[PDB]
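Engineer: If it helps, the file is called data17.cif and holds mmCIF, C-alpha atoms and all ligand atoms:
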data_target
#
loop_
_atom_site.group_PDB
_atom_site.id
_atom_site.type_symbol
_atom_site.label_atom_id
_atom_site.label_comp_id
_atom_site.auth_asym_id
_atom_site.auth_seq_id
_atom_site.Cartn_x
_atom_site.Cartn_y
_atom_site.Cartn_z
ATOM 1 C CA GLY A 1 -27.235 -5.990 -0.921
ATOM 2 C CA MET A 2 -25.906 -4.950 2.507
ATOM 3 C CA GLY A 3 -23.178 -7.620 2.768
ATOM 4 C CA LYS A 4 -24.911 -10.295 0.653
ATOM 5 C CA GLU A 5 -25.277 -10.403 -3.139
ATOM 6 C CA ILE A 6 -26.203 -12.660 -6.027
ATOM 7 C CA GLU A 7 -23.341 -13.258 -8.455
ATOM 8 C CA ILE A 8 -24.394 -13.873 -12.108
ATOM 9 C CA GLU A 9 -21.103 -14.416 -13.974
ATOM 10 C CA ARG A 10 -19.858 -15.491 -17.445
ATOM 11 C CA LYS A 11 -16.161 -16.183 -18.025
ATOM 12 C CA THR A 12 -13.443 -17.479 -20.330
ATOM 13 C CA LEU A 13 -9.652 -17.771 -20.257
ATOM 14 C CA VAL A 14 -7.692 -15.974 -22.966
ATOM 15 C CA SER A 15 -4.140 -15.852 -24.288
ATOM 16 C CA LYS A 16 -1.556 -13.261 -23.297
ATOM 17 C CA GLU A 17 -1.745 -11.660 -26.778
ATOM 18 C CA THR A 18 -5.596 -11.659 -26.827
ATOM 19 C CA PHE A 19 -5.648 -10.122 -23.304
ATOM 20 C CA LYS A 20 -3.184 -7.434 -24.434
ATOM 21 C CA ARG A 21 -5.338 -6.757 -27.552
ATOM 22 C CA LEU A 22 -8.514 -6.419 -25.423
ATOM 23 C CA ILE A 23 -6.768 -3.889 -23.142
ATOM 24 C CA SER A 24 -5.965 -1.811 -26.252
ATOM 25 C CA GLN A 25 -9.387 -2.084 -28.008
ATOM 26 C CA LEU A 26 -11.375 -1.350 -24.804
ATOM 27 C CA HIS A 27 -8.997 1.689 -24.249
ATOM 28 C CA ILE A 28 -8.004 0.478 -20.741
ATOM 29 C CA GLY A 29 -4.967 2.191 -19.170
ATOM 30 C CA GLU A 30 -2.218 0.542 -17.071
ATOM 31 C CA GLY A 31 -3.370 2.572 -14.033
ATOM 32 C CA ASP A 32 -6.909 1.098 -14.305
ATOM 33 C CA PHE A 33 -5.508 -2.286 -13.228
ATOM 34 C CA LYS A 34 -5.730 -2.786 -9.445
ATOM 35 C CA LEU A 35 -3.908 -5.561 -7.564
ATOM 36 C CA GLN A 36 -5.676 -7.922 -5.150
ATOM 37 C CA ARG A 37 -4.695 -11.068 -3.219
ATOM 38 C CA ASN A 38 -7.105 -13.918 -2.668
ATOM 39 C CA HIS A 39 -6.230 -16.077 0.324
ATOM 40 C CA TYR A 40 -8.096 -19.387 0.070
ATOM 41 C CA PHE A 41 -9.393 -21.516 2.918
ATOM 42 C CA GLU A 42 -10.391 -25.159 2.794
ATOM 43 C CA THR A 43 -10.374 -28.389 4.847
ATOM 44 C CA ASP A 44 -7.932 -31.266 4.140
ATOM 45 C CA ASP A 45 -10.719 -33.361 2.524
ATOM 46 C CA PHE A 46 -11.990 -30.264 0.582
ATOM 47 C CA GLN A 47 -15.497 -29.917 2.200
ATOM 48 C CA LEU A 48 -16.247 -26.482 0.657
ATOM 49 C CA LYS A 49 -15.460 -27.906 -2.809
ATOM 50 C CA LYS A 50 -17.864 -30.852 -2.177
ATOM 51 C CA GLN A 51 -20.635 -28.338 -1.302
ATOM 52 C CA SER A 52 -19.769 -26.260 -4.446
ATOM 53 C CA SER A 53 -18.628 -23.404 -2.180
ATOM 54 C CA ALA A 54 -15.546 -21.222 -1.875
ATOM 55 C CA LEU A 55 -14.148 -19.314 1.114
ATOM 56 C CA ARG A 56 -11.524 -16.567 0.787
ATOM 57 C CA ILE A 57 -10.084 -13.511 2.452
ATOM 58 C CA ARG A 58 -9.393 -10.782 -0.158
ATOM 59 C CA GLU A 59 -6.762 -8.093 0.329
ATOM 60 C CA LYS A 60 -7.045 -4.966 -1.871
ATOM 61 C CA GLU A 61 -5.622 -1.468 -1.211
ATOM 62 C CA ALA A 62 -5.245 -2.123 2.569
ATOM 63 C CA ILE A 63 -8.878 -3.409 2.826
ATOM 64 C CA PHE A 64 -9.591 -7.024 3.844
ATOM 65 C CA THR A 65 -12.846 -8.774 2.934
ATOM 66 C CA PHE A 66 -13.954 -12.212 4.200
ATOM 67 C CA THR A 67 -16.116 -13.863 1.502
ATOM 68 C CA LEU A 68 -18.125 -17.052 1.204
ATOM 69 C CA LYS A 69 -19.619 -18.148 -2.157
ATOM 70 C CA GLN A 70 -22.278 -20.894 -2.086
ATOM 71 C CA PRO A 71 -24.957 -22.337 -4.434
ATOM 72 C CA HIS A 72 -28.203 -20.377 -4.997
ATOM 73 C CA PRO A 73 -31.283 -20.817 -7.286
ATOM 74 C CA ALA A 74 -29.907 -18.060 -9.579
ATOM 75 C CA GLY A 75 -26.085 -17.831 -9.719
ATOM 76 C CA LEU A 76 -24.132 -17.989 -6.458
ATOM 77 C CA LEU A 77 -24.910 -16.338 -3.109
ATOM 78 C CA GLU A 78 -21.964 -14.196 -2.060
ATOM 79 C CA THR A 79 -21.714 -13.302 1.643
ATOM 80 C CA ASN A 80 -19.162 -10.532 2.263
ATOM 81 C CA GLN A 81 -17.729 -9.303 5.597
ATOM 82 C CA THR A 82 -15.101 -6.605 6.222
ATOM 83 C CA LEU A 83 -12.165 -7.625 8.435
ATOM 84 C CA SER A 84 -9.423 -5.679 10.153
ATOM 85 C CA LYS A 85 -5.770 -6.510 9.462
ATOM 86 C CA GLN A 86 -5.767 -8.184 12.972
ATOM 87 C CA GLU A 87 -8.732 -10.422 12.126
ATOM 88 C CA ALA A 88 -7.370 -11.209 8.663
ATOM 89 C CA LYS A 89 -3.916 -12.069 10.080
ATOM 90 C CA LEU A 90 -5.379 -14.295 12.874
ATOM 91 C CA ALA A 91 -7.419 -16.198 10.268
ATOM 92 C CA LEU A 92 -4.436 -16.568 7.911
ATOM 93 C CA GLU A 93 -1.816 -17.500 10.548
ATOM 94 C CA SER A 94 -3.796 -19.492 13.157
ATOM 95 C CA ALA A 95 -7.148 -20.458 11.485
ATOM 96 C CA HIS A 96 -9.111 -18.289 14.031
ATOM 97 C CA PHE A 97 -12.057 -16.656 12.233
ATOM 98 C CA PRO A 98 -14.320 -13.873 13.484
ATOM 99 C CA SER A 99 -18.014 -14.250 14.277
ATOM 100 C CA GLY A 100 -20.462 -12.783 11.752
ATOM 101 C CA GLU A 101 -22.532 -13.630 8.675
ATOM 102 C CA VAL A 102 -19.737 -15.618 6.991
ATOM 103 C CA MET A 103 -19.166 -17.767 10.114
ATOM 104 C CA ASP A 104 -22.974 -18.237 10.392
ATOM 105 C CA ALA A 105 -23.319 -19.428 6.767
ATOM 106 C CA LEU A 106 -20.358 -21.846 7.220
ATOM 107 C CA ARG A 107 -21.983 -23.348 10.331
ATOM 108 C CA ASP A 108 -25.343 -23.611 8.425
ATOM 109 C CA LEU A 109 -23.438 -25.762 5.841
ATOM 110 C CA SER A 110 -22.045 -28.038 8.683
ATOM 111 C CA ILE A 111 -18.471 -26.944 7.858
ATOM 112 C CA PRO A 112 -16.116 -27.710 10.766
ATOM 113 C CA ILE A 113 -14.391 -24.288 11.204
ATOM 114 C CA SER A 114 -11.630 -25.917 13.331
ATOM 115 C CA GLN A 115 -10.664 -27.927 10.181
ATOM 116 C CA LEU A 116 -10.426 -24.846 7.881
ATOM 117 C CA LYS A 117 -6.958 -23.484 7.094
ATOM 118 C CA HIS A 118 -5.102 -21.195 4.705
ATOM 119 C CA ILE A 119 -4.285 -23.383 1.626
ATOM 120 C CA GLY A 120 -2.670 -20.621 -0.477
ATOM 121 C CA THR A 121 -2.841 -17.233 -2.178
ATOM 122 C CA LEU A 122 -3.704 -16.249 -5.764
ATOM 123 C CA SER A 123 -2.893 -12.686 -6.893
ATOM 124 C CA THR A 124 -4.953 -10.854 -9.542
ATOM 125 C CA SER A 125 -4.391 -7.628 -11.447
ATOM 126 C CA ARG A 126 -7.889 -6.453 -12.406
ATOM 127 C CA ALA A 127 -9.414 -3.840 -14.681
ATOM 128 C CA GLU A 128 -13.219 -3.254 -14.617
ATOM 129 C CA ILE A 129 -15.494 -1.352 -16.998
ATOM 130 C CA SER A 130 -19.247 -0.881 -17.296
ATOM 131 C CA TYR A 131 -20.333 -2.936 -20.301
ATOM 132 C CA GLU A 132 -23.926 -2.733 -21.582
ATOM 133 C CA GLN A 133 -26.117 -3.282 -18.442
ATOM 134 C CA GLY A 134 -23.330 -5.057 -16.482
ATOM 135 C CA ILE A 135 -19.617 -5.077 -15.665
ATOM 136 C CA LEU A 136 -16.725 -6.555 -17.704
ATOM 137 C CA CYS A 137 -13.567 -7.625 -15.819
ATOM 138 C CA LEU A 138 -10.056 -8.246 -17.301
ATOM 139 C CA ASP A 139 -8.130 -10.505 -14.880
ATOM 140 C CA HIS A 140 -4.433 -11.275 -15.016
ATOM 141 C CA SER A 141 -3.727 -13.778 -12.215
ATOM 142 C CA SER A 142 -0.559 -15.352 -10.790
ATOM 143 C CA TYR A 143 -0.433 -18.390 -8.489
ATOM 144 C CA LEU A 144 1.889 -21.236 -7.491
ATOM 145 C CA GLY A 145 4.649 -20.142 -9.991
ATOM 146 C CA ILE A 146 2.373 -19.805 -13.110
ATOM 147 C CA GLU A 147 -0.067 -17.182 -14.478
ATOM 148 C CA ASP A 148 -3.104 -16.745 -16.747
ATOM 149 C CA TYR A 149 -5.522 -14.228 -18.279
ATOM 150 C CA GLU A 150 -9.299 -14.091 -18.090
ATOM 151 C CA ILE A 151 -12.246 -11.963 -19.212
ATOM 152 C CA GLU A 152 -15.550 -12.128 -17.217
ATOM 153 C CA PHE A 153 -18.984 -10.508 -17.532
ATOM 154 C CA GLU A 154 -20.999 -9.709 -14.382
ATOM 155 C CA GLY A 155 -24.733 -9.795 -15.195
ATOM 156 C CA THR A 156 -28.038 -9.124 -13.380
ATOM 157 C CA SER A 157 -30.044 -11.990 -14.994
ATOM 158 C CA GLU A 158 -28.801 -15.403 -16.236
ATOM 159 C CA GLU A 159 -30.626 -14.984 -19.592
ATOM 160 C CA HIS A 160 -29.346 -11.474 -20.431
ATOM 161 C CA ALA A 161 -25.796 -12.284 -19.153
ATOM 162 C CA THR A 162 -25.560 -15.187 -21.665
ATOM 163 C CA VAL A 163 -26.729 -12.990 -24.559
ATOM 164 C CA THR A 164 -24.352 -10.153 -23.586
ATOM 165 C CA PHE A 165 -21.324 -12.458 -23.086
ATOM 166 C CA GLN A 166 -21.868 -14.313 -26.381
ATOM 167 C CA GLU A 167 -22.028 -10.830 -27.997
ATOM 168 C CA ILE A 168 -18.658 -9.899 -26.366
ATOM 169 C CA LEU A 169 -17.026 -13.131 -27.676
ATOM 170 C CA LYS A 170 -18.317 -12.423 -31.196
ATOM 171 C CA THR A 171 -17.645 -8.627 -31.184
ATOM 172 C CA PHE A 172 -14.048 -8.924 -29.945
ATOM 173 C CA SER A 173 -13.469 -12.314 -31.679
ATOM 174 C CA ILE A 174 -12.693 -14.212 -28.465
ATOM 175 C CA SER A 175 -12.750 -18.001 -28.818
ATOM 176 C CA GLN A 176 -14.371 -19.442 -25.698
ATOM 177 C CA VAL A 177 -12.778 -22.287 -23.689
ATOM 178 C CA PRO A 178 -13.918 -24.296 -20.620
ATOM 179 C CA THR A 179 -13.062 -22.201 -17.552
ATOM 180 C CA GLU A 180 -13.332 -23.199 -13.896
ATOM 181 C CA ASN A 181 -13.163 -20.587 -11.100
ATOM 182 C CA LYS A 182 -9.805 -18.994 -10.035
ATOM 183 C CA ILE A 183 -9.918 -20.907 -6.752
ATOM 184 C CA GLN A 184 -10.574 -24.158 -8.692
ATOM 185 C CA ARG A 185 -7.776 -23.326 -11.189
ATOM 186 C CA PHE A 186 -5.662 -22.716 -8.057
ATOM 187 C CA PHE A 187 -6.085 -26.086 -6.245
ATOM 188 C CA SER A 188 -6.462 -28.171 -9.472
ATOM 189 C CA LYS A 189 -2.867 -26.907 -10.029
ATOM 190 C CA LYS A 190 -2.104 -27.644 -6.302
ATOM 191 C CA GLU A 191 -3.300 -31.268 -6.900
HETATM 192 CL CL CL B 1 -0.474 -10.594 -10.964
#
Write the structure described by the file as structure tokens, please.
Ligand SMILES: [Cl-]
Structural biologist:
Amino acid sequence: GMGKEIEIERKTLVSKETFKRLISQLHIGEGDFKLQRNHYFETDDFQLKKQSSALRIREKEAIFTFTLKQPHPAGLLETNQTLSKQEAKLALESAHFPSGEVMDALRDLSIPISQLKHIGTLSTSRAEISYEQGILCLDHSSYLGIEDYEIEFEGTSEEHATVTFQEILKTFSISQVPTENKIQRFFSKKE
């Protein structure tokens, strides 16, 4: 919707060689990959994690986006807000966030905004294609000295997303493995 959206997502990590094979078989060019930086925010005691939520500022092609992800009956509720470079920099450098729908949703979750701070940055090189009735993302990410590769399917219903993703794993012979979110893979490494 207009700032808010429901995220229905299926995901698995893959090897470097499998990722490289998928780029070839899906006929994805080098120029299709776009670079983005995810700057993560969290309290010392990890309050957003305890409420199954994630707060980031994304930087992509000179556009900054403030994003909260929180639990929702179906999938996760994603609340997006555009920021200027000024607002993004203030948040990153001095933990001063702008008023708006993201701030409102944080305060509705009883998150002390004065305790939030920039914990680190994960970079992702991403290619996206329309697959069936959804979107298929190829993510090569780097963070805290290491890197990894990931395929994800963005669906519209939980039922159809499962069917479509299981079809992708079978069709392209991808062996599925347990896969937590980028932000969780980030600070599980940080810990
Ligand atoms: Cl990267």
Engineer: What residues come out when you apply the PyMOL selection byres (((chain A and resi 37-45) around 6) and not hetatm) to this file, written as number ranges by chain?
Structural biologist: A: 36, 46-47, 55-59, 115-123
Engineer: Given the PyMOL selection byres (((not hetatm)) within 9 of (chain B and resi 1)) and the file above, list the residues it selects as an MDAnalysis selection string.
Structural biologist: chainID A and resid 35:37 122:126 139:143 147:148
Engineer: Can you translate the PyMOL selection byres (((chain A and resi 169) around 12) and not hetatm) into the concrete residues it hits in this file, as a PyMOL selection string?
Structural biologist: chain A and resi 10-14+18+22+136+151-153+162-168+170-177
Engineer: Measure the distance from CA of residue 75 in chain A to CA of residue 8 in chain A in Å and round it to one decimal.
Structural biologist: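 Distance reported for this atom pair: 4.9 Å.
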Engineer: A:161, A:54, A:135, A:106: which is nearest residue 186 in chain A, counting all atoms listed in the file?
Structural biologist: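 Answer, going by the shortest atom-to-atom distance: A:54.
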Engineer: To one decimal in Å, tell me the separation between CA of residue 65 in chain A and CA of residue 80 in chain A.
Structural biologist: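 For CA of residue 65 in chain A relative to CA of residue 80 in chain A, the distance reads 6.6 Å.
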Engineer: Do you have the CA of residue 17 in chain A-CA of residue 191 in chain A distance handy?
Structural biologist: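 Separating CA of residue 17 in chain A from CA of residue 191 in chain A is a distance of 28.0 Å.
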Engineer: I need the residue nearest residue 107 in chain A from this list: A:66, A:155, A:180, A:48. Use only C-alpha atoms for the distance.
Structural biologist: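 Going through A:66, A:155, A:180, A:48 one by one, the smallest distance to residue 107 in chain A is for A:48.
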Engineer: Around (-27.4, -20.1, 0.2) in the file's frame, which residues reach within 10 Å when counting all atoms listed in the file? Return as a ChimeraX atom specification?
Structural biologist: /A:6,53,68-73,76-79,105,108-109
Engineer: Rank nothing, just name the residue among A:111, A:64, A:127, A:29 nearest to residue 91 in chain A, using only C-alpha atoms.
Structural biologist: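 Result for the nearest residue to residue 91 in chain A: A:64.
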Engineer: Write out as lines of an AutoDock Vina configuration file an axis-aligned box for range 21-25 of chain A: all of its atoms listed in the file, 8 Å added on each side, centre and edge lengths in Å with one decimal.
Structural biologist:
center_x = -7.4
center_y = -4.3
center_z = -25.6
size_x = 20.0
size_y = 20.9
size_z = 20.9
Engineer: In the coordinates of the file, take the point (-13.7, -24.0, -8.8) and a cut-off of 8 Å; then, counting all atoms listed in the file, name each qualifying protein, DNA or RNA residue as a VMD selection string.
Structural biologist: chain A and resid 49 52 54 180 to 185
Engineer: Show me, as a VMD selection string, the residues that have an atom within 6 Å of residue 134 in chain A when counting only C-alpha atoms, minus same-chain residues fewer than 2 positions from it.
Structural biologist: chain A and resid 130 to 132 154 to 155
Engineer: Using the incomplete input, complete range 81-114 of chain A to the level of N, CA and C atoms; output as a PDB file, in the coordinates of the input.
Structural biologist:
ATOM      1  N   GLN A  81     -17.927  -9.908   4.270  1.00  0.00           N
ATOM      2  CA  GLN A  81     -17.729  -9.303   5.597  1.00  0.00           C
ATOM      3  C   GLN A  81     -16.364  -8.634   5.662  1.00  0.00           C
ATOM      4  N   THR A  82     -16.347  -7.356   6.048  1.00  0.00           N
ATOM      5  CA  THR A  82     -15.101  -6.605   6.222  1.00  0.00           C
ATOM      6  C   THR A  82     -14.357  -7.096   7.452  1.00  0.00           C
ATOM      7  N   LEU A  83     -13.038  -7.242   7.318  1.00  0.00           N
ATOM      8  CA  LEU A  83     -12.165  -7.625   8.435  1.00  0.00           C
ATOM      9  C   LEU A  83     -11.115  -6.570   8.648  1.00  0.00           C
ATOM     10  N   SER A  84     -10.616  -6.474   9.876  1.00  0.00           N
ATOM     11  CA  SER A  84      -9.423  -5.679  10.153  1.00  0.00           C
ATOM     12  C   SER A  84      -8.203  -6.502   9.793  1.00  0.00           C
ATOM     13  N   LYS A  85      -7.059  -5.833   9.682  1.00  0.00           N
ATOM     14  CA  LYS A  85      -5.770  -6.510   9.462  1.00  0.00           C
ATOM     15  C   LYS A  85      -5.508  -7.577  10.566  1.00  0.00           C
ATOM     16  N   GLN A  86      -5.872  -7.244  11.823  1.00  0.00           N
ATOM     17  CA  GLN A  86      -5.767  -8.184  12.972  1.00  0.00           C
ATOM     18  C   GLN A  86      -6.554  -9.463  12.721  1.00  0.00           C
ATOM     19  N   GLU A  87      -7.830  -9.295  12.362  1.00  0.00           N
ATOM     20  CA  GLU A  87      -8.732 -10.422  12.126  1.00  0.00           C
ATOM     21  C   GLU A  87      -8.281 -11.243  10.936  1.00  0.00           C
ATOM     22  N   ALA A  88      -7.884 -10.556   9.867  1.00  0.00           N
ATOM     23  CA  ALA A  88      -7.370 -11.209   8.663  1.00  0.00           C
ATOM     24  C   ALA A  88      -6.098 -12.021   8.968  1.00  0.00           C
ATOM     25  N   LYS A  89      -5.186 -11.419   9.722  1.00  0.00           N
ATOM     26  CA  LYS A  89      -3.916 -12.069  10.080  1.00  0.00           C
ATOM     27  C   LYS A  89      -4.132 -13.299  10.987  1.00  0.00           C
ATOM     28  N   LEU A  90      -5.004 -13.157  11.993  1.00  0.00           N
ATOM     29  CA  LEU A  90      -5.379 -14.295  12.874  1.00  0.00           C
ATOM     30  C   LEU A  90      -5.939 -15.468  12.083  1.00  0.00           C
ATOM     31  N   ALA A  91      -6.822 -15.170  11.131  1.00  0.00           N
ATOM     32  CA  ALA A  91      -7.419 -16.198  10.268  1.00  0.00           C
ATOM     33  C   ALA A  91      -6.358 -16.875   9.409  1.00  0.00           C
ATOM     34  N   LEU A  92      -5.492 -16.064   8.798  1.00  0.00           N
ATOM     35  CA  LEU A  92      -4.436 -16.568   7.911  1.00  0.00           C
ATOM     36  C   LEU A  92      -3.378 -17.376   8.645  1.00  0.00           C
ATOM     37  N   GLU A  93      -2.957 -16.893   9.820  1.00  0.00           N
ATOM     38  CA  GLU A  93      -1.816 -17.500  10.548  1.00  0.00           C
ATOM     39  C   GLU A  93      -2.210 -18.637  11.494  1.00  0.00           C
ATOM     40  N   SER A  94      -3.398 -18.542  12.100  1.00  0.00           N
ATOM     41  CA  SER A  94      -3.796 -19.492  13.157  1.00  0.00           C
ATOM     42  C   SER A  94      -5.213 -20.085  12.979  1.00  0.00           C
ATOM     43  N   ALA A  95      -5.800 -19.914  11.789  1.00  0.00           N
ATOM     44  CA  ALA A  95      -7.148 -20.458  11.485  1.00  0.00           C
ATOM     45  C   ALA A  95      -8.269 -20.020  12.489  1.00  0.00           C
ATOM     46  N   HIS A  96      -8.089 -18.845  13.140  1.00  0.00           N
ATOM     47  CA  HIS A  96      -9.111 -18.289  14.031  1.00  0.00           C
ATOM     48  C   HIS A  96      -9.921 -17.231  13.279  1.00  0.00           C
ATOM     49  N   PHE A  97     -11.190 -17.539  13.012  1.00  0.00           N
ATOM     50  CA  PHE A  97     -12.057 -16.656  12.233  1.00  0.00           C
ATOM     51  C   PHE A  97     -13.015 -15.885  13.134  1.00  0.00           C
ATOM     52  N   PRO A  98     -13.438 -14.681  12.688  1.00  0.00           N
ATOM     53  CA  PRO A  98     -14.320 -13.873  13.484  1.00  0.00           C
ATOM     54  C   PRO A  98     -15.778 -14.265  13.300  1.00  0.00           C
ATOM     55  N   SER A  99     -16.576 -14.049  14.343  1.00  0.00           N
ATOM     56  CA  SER A  99     -18.014 -14.250  14.277  1.00  0.00           C
ATOM     57  C   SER A  99     -18.637 -13.249  13.308  1.00  0.00           C
ATOM     58  N   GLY A 100     -19.783 -13.615  12.750  1.00  0.00           N
ATOM     59  CA  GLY A 100     -20.462 -12.783  11.752  1.00  0.00           C
ATOM     60  C   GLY A 100     -21.215 -13.617  10.752  1.00  0.00           C
ATOM     61  N   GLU A 101     -21.656 -12.976   9.676  1.00  0.00           N
ATOM     62  CA  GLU A 101     -22.532 -13.630   8.675  1.00  0.00           C
ATOM     63  C   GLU A 101     -21.830 -14.741   7.897  1.00  0.00           C
ATOM     64  N   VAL A 102     -20.518 -14.602   7.700  1.00  0.00           N
ATOM     65  CA  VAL A 102     -19.737 -15.618   6.991  1.00  0.00           C
ATOM     66  C   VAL A 102     -19.632 -16.878   7.856  1.00  0.00           C
ATOM     67  N   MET A 103     -19.228 -16.685   9.117  1.00  0.00           N
ATOM     68  CA  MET A 103     -19.166 -17.767  10.114  1.00  0.00           C
ATOM     69  C   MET A 103     -20.521 -18.482  10.222  1.00  0.00           C
ATOM     70  N   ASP A 104     -21.602 -17.693  10.287  1.00  0.00           N
ATOM     71  CA  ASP A 104     -22.974 -18.237  10.392  1.00  0.00           C
ATOM     72  C   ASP A 104     -23.323 -19.140   9.209  1.00  0.00           C
ATOM     73  N   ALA A 105     -23.038 -18.665   7.996  1.00  0.00           N
ATOM     74  CA  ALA A 105     -23.319 -19.428   6.767  1.00  0.00           C
ATOM     75  C   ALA A 105     -22.470 -20.709   6.668  1.00  0.00           C
ATOM     76  N   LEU A 106     -21.228 -20.656   7.181  1.00  0.00           N
ATOM     77  CA  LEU A 106     -20.358 -21.846   7.220  1.00  0.00           C
ATOM     78  C   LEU A 106     -20.930 -22.897   8.159  1.00  0.00           C
ATOM     79  N   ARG A 107     -21.368 -22.453   9.344  1.00  0.00           N
ATOM     80  CA  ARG A 107     -21.983 -23.348  10.331  1.00  0.00           C
ATOM     81  C   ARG A 107     -23.335 -23.908   9.848  1.00  0.00           C
ATOM     82  N   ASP A 108     -24.083 -23.116   9.059  1.00  0.00           N
ATOM     83  CA  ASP A 108     -25.343 -23.611   8.425  1.00  0.00           C
ATOM     84  C   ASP A 108     -25.069 -24.725   7.385  1.00  0.00           C
ATOM     85  N   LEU A 109     -23.868 -24.715   6.800  1.00  0.00           N
ATOM     86  CA  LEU A 109     -23.438 -25.762   5.841  1.00  0.00           C
ATOM     87  C   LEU A 109     -22.732 -26.966   6.531  1.00  0.00           C
ATOM     88  N   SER A 110     -22.717 -26.973   7.877  1.00  0.00           N
ATOM     89  CA  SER A 110     -22.045 -28.038   8.683  1.00  0.00           C
ATOM     90  C   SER A 110     -20.531 -28.153   8.379  1.00  0.00           C
ATOM     91  N   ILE A 111     -19.905 -27.010   8.102  1.00  0.00           N
ATOM     92  CA  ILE A 111     -18.471 -26.944   7.858  1.00  0.00           C
ATOM     93  C   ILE A 111     -17.760 -26.845   9.199  1.00  0.00           C
ATOM     94  N   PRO A 112     -16.883 -27.832   9.526  1.00  0.00           N
ATOM     95  CA  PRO A 112     -16.116 -27.710  10.766  1.00  0.00           C
ATOM     96  C   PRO A 112     -15.047 -26.611  10.641  1.00  0.00           C
ATOM     97  N   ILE A 113     -15.295 -25.463  11.287  1.00  0.00           N
ATOM     98  CA  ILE A 113     -14.391 -24.288  11.204  1.00  0.00           C
ATOM     99  C   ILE A 113     -12.988 -24.586  11.762  1.00  0.00           C
ATOM    100  N   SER A 114     -12.918 -25.468  12.761  1.00  0.00           N
ATOM    101  CA  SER A 114     -11.630 -25.917  13.331  1.00  0.00           C
ATOM    102  C   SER A 114     -10.756 -26.688  12.311  1.00  0.00           C
TER     103      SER A 114
END
